[PDB]
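First up is the structure itself, then whatever we jot down about it.
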Amino acid sequence: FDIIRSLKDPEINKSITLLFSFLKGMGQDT
Amino acid sequence: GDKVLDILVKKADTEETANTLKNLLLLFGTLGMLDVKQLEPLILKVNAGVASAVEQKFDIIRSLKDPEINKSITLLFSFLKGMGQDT
Ligand SMILES: CCCCCCCCCCCCCCCCCC(=O)OC[C@H](COP(=O)(O)OC[C@H](O)CO)OC(=O)CCCCCCCCCCCCCCC
Ligand SMILES: CCCCCCCCCCCCCCCCCC(=O)OC[C@H](COP(=O)(O)OC[C@H](O)CO)OC(=O)CCCCCCCCCCCCCCC
Ligand SMILES: CCCCCCCCCCC(=O)O
Ligand SMILES: CCCCCCCCCCC(=O)O
Ligand SMILES: CCCCCCCCCCC(=O)O
Ligand SMILES: CCCCCCCCCCC(=O)O
Ligand SMILES: CCCCCCCCCCC(=O)O
Ligand SMILES: CCCCCCCCCCC(=O)O
Ligand SMILES: CCCCCCCCCCC(=O)O
Ligand SMILES: CCCCCCCCC(=O)O
Ligand SMILES: CCCCCCCCC(=O)O
Ligand SMILES: CCCCCCC(=O)O
Ligand SMILES: CCCCCCC(=O)O
Ligand SMILES: CCCCCCC(=O)O
Ligand SMILES: CCCCCCC(=O)O
C-alpha cells in the first residue's frame, strides 16, 4: 500500500523524475 | 619497537579489525574479478545520465513512450538477464 501513496508525494514524484532523467541520459544515442 | 608492535597487535587483534582487513583484501580480489573493459561504456553512460539529471535545474507513463528511455531500460533489462545466468 506504500507505493500508491508514495507516487502522489510531490517529493517522491520529483525524485523519481530525476532518476528517470538519469535513466534517459544513460545509453544516449550520441 | 617491541612495545610498539605489542600495542599494535593488542589493539588490532579484535575480530572487527581482522574482519576489516580480510574484507578489504576480499574487496580487492572481487574488484579484480570484475571485468572493467566492458564497464567503460557503462561509466560513459552513467556520466551522461548524471549530466542529464543535474540538467533538470504522471512521469512514468510519458517516459515509457520515450524511445531513449525505452532503449535504456531495455539495456538495463539485458543487464538484469545477464546476471544470475544459468551457465
Ligand atoms: C471499478 C473500480 C475498480 C477498482 C479501481 C482500481 C483499484 C486499484 C487502484 C490502483 C492501485 C495501484 C495504483 C498504482 C500504484 C503505483 C504504480 C505501480 O503500479 O507501482 C508498482 C509498484 C510495485 O513496485 P516495483 O517493484 O515496481 O517497485 C519499483 C522498483 O522495483 C523499486 O526498486 O507498486 C505496486 O505494485 C503497488 C500496488 C500493488 C498492486 C495493486 C493492485 C492489487 C489489487 C488489485 C485487485 C484488488 C481487488 C479488485 C476487486 C475487483
Ligand atoms: C475504459 C478505460 C479506462 C481507463 C483506461 C486506462 C487508464 C490508465 C492507463 C494506464 C496508466 C498507467 C500506464 C502504465 C505506466 C507505466 C508502467 C507502470 O505501471 O509503471 C510503474 C511505475 C511505478 O514506478 P516503479 O516503482 O515501478 O518504478 C520503477 C523503479 O522503482 C524505479 O527505480 O509508474 C507508475 O506507476 C505510473 C502510473 C501510476 C498509476 C496509474 C493508475 C492510477 C490511476 C488508476 C485509476 C484512475 C481512475 C479510474 C476511473 C475508473
Ligand atoms: C484488497 C486488499 C485486501 C487486503 C490486503 C491487506 C494487505 C495489503 C498489502 C499490505 C502490505 O503490502 O504490507
Ligand atoms: C483504514 C486504512 C488506513 C491506512 C492508513 C495508512 C497510514 C500508514 C501509511 C504508512 C506510512 O505512513 O508510511
Ligand atoms: C485521476 C487523476 C486525478 C488527479 C491526480 C492529480 C495528481 C496525479 C499525480 C501527480 C504526481 O504524481 O505528482
Ligand atoms: C536508441 C539506440 C541507441 C541508444 C543506445 C546507444 C548506446 C549503447 C551502445 C553504446 C556503445 O556502443 O558503447
Ligand atoms: C503542469 C505540470 C508541470 C510539471 C513540470 C515538471 C517540470 C518540467 C520541467 C523540467 C525541468 O527542465 O526542470
Ligand atoms: C493538461 C495536462 C497536461 C500535462 C502536461 C505535462 C507536461 C510536463 C510533463 C513533465 C515533464 O515534461 O518532464
Ligand atoms: C534459472 C536458475 C539458475 C539461474 C541462477 C543461477 C545463479 C545463482 C547461483 C549462482 C551460484 O551458485 O554462485
Ligand atoms: C474515490 C475516493 C476515495 C478513494 C481516494 C483515495 C485517495 C488516497 C491517496 O490520496 O493516496
Ligand atoms: C485516446 C486518446 C487520448 C489519450 C492519449 C494520450 C497519449 C499521451 C502520451 O503520448 O503519452
Ligand atoms: C477498495 C480497494 C481498491 C484497491 C486498493 C489497492 C491499494 O491501493 O493497495
Ligand atoms: C475512482 C476510484 C479510484 C481508485 C484508485 C485510487 C488510487 O490508486 O489512488
Ligand atoms: C482520464 C485519466 C486516465 C488515467 C490517467 C493516469 C495517468 O496517466 O496518470
Ligand atoms: C484508449 C485509452 C488509453 C488510455 C491509456 C493511455 C496511456 O497510458 O498511454
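Naming scheme: A, B, ... for chains in displayed order of the C-alpha cells; residues 1 onward per chain; ligands 1 onward as shown.
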
Residues within 10 Å of ligand 11 should be enumerated using only C-alpha atoms and all ligand atoms and returned as a list in words. residues 58, 59, 60, 61, 62, 63, 64, 65 and 66 of chain B

Distance-based interface of chain A with chain B, 8 Å, counting only C-alpha atoms, as a ChimeraX atom specification: /A:13,17-29

So which residues are near ligand 1, meaning at most 6 Å away with only C-alpha atoms and all ligand atoms counted, given back as a PyMOL selection string? chain A and resi 1+3-4

Quick check for you: according to DSSP on this backbone, which residues of chain B are classed as alpha helix (DSSP H)? Reply as a ChimeraX atom specification. /B:2-12,15-33,39-55,59-64,67-82

What does the distance from atom 1 (C, counted along the ligand's line) of ligand 12 to CA of residue 10 (chain A) come to in Å, to one decimal? 23.5 Å
